[PDB]
Amino acid sequence: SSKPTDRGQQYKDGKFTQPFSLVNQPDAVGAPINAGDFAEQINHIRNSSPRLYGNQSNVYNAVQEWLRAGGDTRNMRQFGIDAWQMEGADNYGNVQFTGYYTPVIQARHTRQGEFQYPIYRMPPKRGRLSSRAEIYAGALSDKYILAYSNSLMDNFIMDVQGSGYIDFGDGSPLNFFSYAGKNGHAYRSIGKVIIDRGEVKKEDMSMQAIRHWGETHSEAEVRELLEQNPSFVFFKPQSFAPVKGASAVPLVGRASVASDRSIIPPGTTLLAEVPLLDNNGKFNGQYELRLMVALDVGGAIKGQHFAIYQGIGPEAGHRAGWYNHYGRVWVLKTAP
Numbered sequence: 002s003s004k005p006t007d008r009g010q011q012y013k014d015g016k017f018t019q020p021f022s023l024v025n026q027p028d029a030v031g032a033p034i035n036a037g038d039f040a041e042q043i044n045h046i047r048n049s050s051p052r053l054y055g056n057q058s059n060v061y062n063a064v065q066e067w068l069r070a071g072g073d074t075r076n077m078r079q080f081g082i083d084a085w086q087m088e089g090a091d092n093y094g095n096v097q098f099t100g101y102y103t104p105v106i107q108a109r110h111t112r113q114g115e116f117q118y119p120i121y122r123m124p125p126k127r128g129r130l131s132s133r134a135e136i137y138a139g140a141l142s143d144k145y146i147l148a149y150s151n152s153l154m155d156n157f158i159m160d161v162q163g164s165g166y167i168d169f170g171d172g173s174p175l176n177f178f179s180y181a182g183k184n185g186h187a188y189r190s191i192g193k194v195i196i197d198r199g200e201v202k203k204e205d206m207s208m209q210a211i212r213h214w215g216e217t218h219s220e221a222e223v224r225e226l227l228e229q230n231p232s233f234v235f236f237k238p239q240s241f242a243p244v245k246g247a248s249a250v251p252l253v254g255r256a257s258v259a260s261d262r263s264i265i266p267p268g269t270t271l272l273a274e275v276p277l278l279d280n281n282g283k284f285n286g287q288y289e290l291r292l293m294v295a296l297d298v299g300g301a302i303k304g305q306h307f308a309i310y311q312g313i314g315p316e317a318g319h320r321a322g323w324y325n326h327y328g329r330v331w332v333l334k335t336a337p
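Be aware that the sequence shown starts at 2, since it is given in mature numbering (1 follows the signal peptide of the UniProt record, and there is no 0), and climbs by one per residue.
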């Protein structure tokens with residue numbers, strides 16, 4: 002018998018042969034520890050997607066009533082809540098949990114250390130003529146610099162997206178910057194370049210592939226590559242815009258996940274025992290009972306697999322990085 006337990010896998014609920022198994026009562030003790038966050042998450046659905054809210058409020062309401070009353074898994078029945086245990090990837094109830102987050106651009110107000118890569122606001126017409134290479138070489142006046150970032154590649158991802166969040170590190174709130182304009186040069190595919198060079202395989206090309214490539218190469222190498230795209234993007238300050246997933250609903254850290262729309266539709270409520278990790282990123286045998294809502298999707302997120310949205314910034318990125326563990330999940334539904 003081969004039953005590994007190094008990644009959080011457990012084998013105390015027997016074998017499952019159906020995608021969803023209705024349980025008398027979840028094999029989980031205590032109450033969810035993220036009630037507050039869950040309430041905030043539901044509110045976001047009520048305000049940002051009234052159509053989805055109206056389709057799942059029966060579940061949200063029942064769950065909320067259960068939580069205020071105590072939140073003990075042994076008392077869910079009286080609220081009409083049914084718990085459907087997921088089979089897991091190994092058919093033993095072990096569901097795959099990865100992590101994901103919203104990256105932030107670290108920046109400073111003046112050139113210093115690694116922060117040598119300026120992000121610009123719209124310059125006058127004449128200044129807009131310069132190609133990327135020329136701007137890199139100092140074509141634009143310093144007065145149009147919005148911030149000095151520590152990553153040329155991150156600046157390019159931002160160019161493609163059209164917006165991004167900048168963290169100046171001074172404790173102030175995150176600054177959101179949105180599309181303001183562009184230079185006079187047509188863009189060229191950076192993805193295409195690293196493909197024709199045999200750096201990345203055609204099927205592996207994604208924004209994350211380009212992002213990762215920049216992290217493992219020198220700025221000199223990144224600059225050389227980036228210069229192949231003469232287009233350049235200009236930005237403007239914008240009032241904060243909360244991060245939304247594919248359901249167009251603002252995501253709340255560790256209270257929302259990305260899931261397979263085929264087996265777990267958006268708005269679906271999840272009760273999960275999430276494996277706890279330390280600073281090193283290792284499973285210590287401890288679990289966390291959380292309530293989460295499927296509000297996003299992904300290309301590599303299919304089947305008995307959930308990607309827990311960790312939030313925004315470096316801390317969230319650390320958690321989202323070393324996350325590839327297993328836990329138990331019960332879909333909560335109201336008895337028809």
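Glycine is no exception: its CB is placed at the ideal position from the N, C-alpha and C atoms.
Buried or exposed: where does residue i fall if 16 or more other Cβ atoms within 10 Å of its Cβ makes it buried?
{"i": "residue 35", "result": "buried"}
{"i": "residue 349", "result": "Nothing about residue 349 can be reported from this structure: the residues present for the chain run from 2 to 337 only."}
{"i": "residue 157", "result": "buried"}
{"i": "residue 208", "result": "exposed"}
{"i": "residue 271", "result": "buried"}
{"i": "residue 213", "result": "exposed"}
{"i": "residue 197", "result": "exposed"}
{"i": "residue 274", "result": "buried"}
{"i": "residue 6", "result": "exposed"}
{"i": "residue 119", "result": "buried"}
{"i": "residue 50", "result": "buried"}
{"i": "residue 160", "result": "buried"}
{"i": "residue 287", "result": "exposed"}
{"i": "residue 282", "result": "exposed"}
{"i": "residue 97", "result": "buried"}
{"i": "residue 11", "result": "buried"}
{"i": "residue 55", "result": "exposed"}
So for residue i, helix, strand or coil by DSSP?
{"i": "residue 104", "result": "coil"}
{"i": "residue 272", "result": "strand"}
{"i": "residue 315", "result": "helix"}
{"i": "residue 338", "result": "Residue numbering for the chain in the displayed model covers 2 to 337; residue 338 lies beyond these limits and cannot be assessed."}
{"i": "residue 37", "result": "helix"}
{"i": "residue 19", "result": "coil"}
{"i": "residue 120", "result": "strand"}
{"i": "residue 293", "result": "strand"}
{"i": "residue 238", "result": "strand"}
{"i": "residue 32", "result": "coil"}
{"i": "residue 323", "result": "coil"}
{"i": "residue 180", "result": "strand"}
{"i": "residue 6", "result": "coil"}
Quick one, which of the options has its alpha-carbon nearest residue i's?
{"i": "residue 170", "options": "122, 4, 111", "result": "111"}
{"i": "residue 310", "options": "79, 29, 101", "result": "101"}
{"i": "residue 331", "options": "314, 298, 316, 294", "result": "294"}
{"i": "residue 78", "options": "199, 215, 318, 25", "result": "25"}
{"i": "residue 46", "options": "230, 292, 253", "result": "253"}
{"i": "residue 121", "options": "134, 141, 115, 132", "result": "141"}
{"i": "residue 217", "options": "325, 328, 152", "result": "152"}
{"i": "residue 277", "options": "301, 247, 323, 318", "result": "323"}
{"i": "residue 17", "options": "50, 113, 91", "result": "91"}
{"i": "residue 267", "options": "32, 123, 52", "result": "52"}
{"i": "residue 186", "options": "178, 228, 179", "result": "228"}
{"i": "residue 243", "options": "67, 314, 148, 262", "result": "314"}
{"i": "residue 134", "options": "226, 48, 172", "result": "226"}
{"i": "residue 132", "options": "246, 231, 298", "result": "231"}
{"i": "residue 317", "options": "280, 285, 234, 299", "result": "280"}
{"i": "residue 300", "options": "180, 205, 325", "result": "205"}
Report, in whole angstroms, the separation of the C-beta atoms of residue i and residue j, which I expect to be a contact under 8 Å.
{"i": "residue 99", "j": "residue 29", "result": "Actually they are not in contact, since the Cβ atoms of residue 99 and residue 29 sit about 21 Å apart, beyond 8 Å."}
{"i": "residue 38", "j": "residue 106", "result": "The pair is not a contact, with the Cβ atoms about 26 Å apart (cut-off 8 Å)."}
{"i": "residue 292", "j": "residue 64", "result": "7 Å"}
{"i": "residue 329", "j": "residue 94", "result": "5 Å"}
{"i": "residue 178", "j": "residue 117", "result": "At roughly 18 Å, the Cβ-Cβ gap does not stay under 8 Å, so residue 178 and residue 117 are not in contact."}
{"i": "residue 70", "j": "residue 123", "result": "The pair is not a contact, with the Cβ atoms about 55 Å apart (cut-off 8 Å)."}
{"i": "residue 234", "j": "residue 183", "result": "6 Å"}
Flag this pair as touching only if the segment 70-87 and the segment 20-31 have three or more C-beta atom pairs under 8 Å; answer yes or no.
yes
Is the segment 255-264 close to the segment 150-166, with three or more CB pairs under 8 Å?
no
Is it true that the segment 299-314 meets the segment 60-77, where meeting means three or more beta-carbon pairs spaced less than 8 Å apart?
no
Does the segment 321-336 touch the segment 113-128, meaning 3 or more C-beta pairs lie closer than 8 Å?
no
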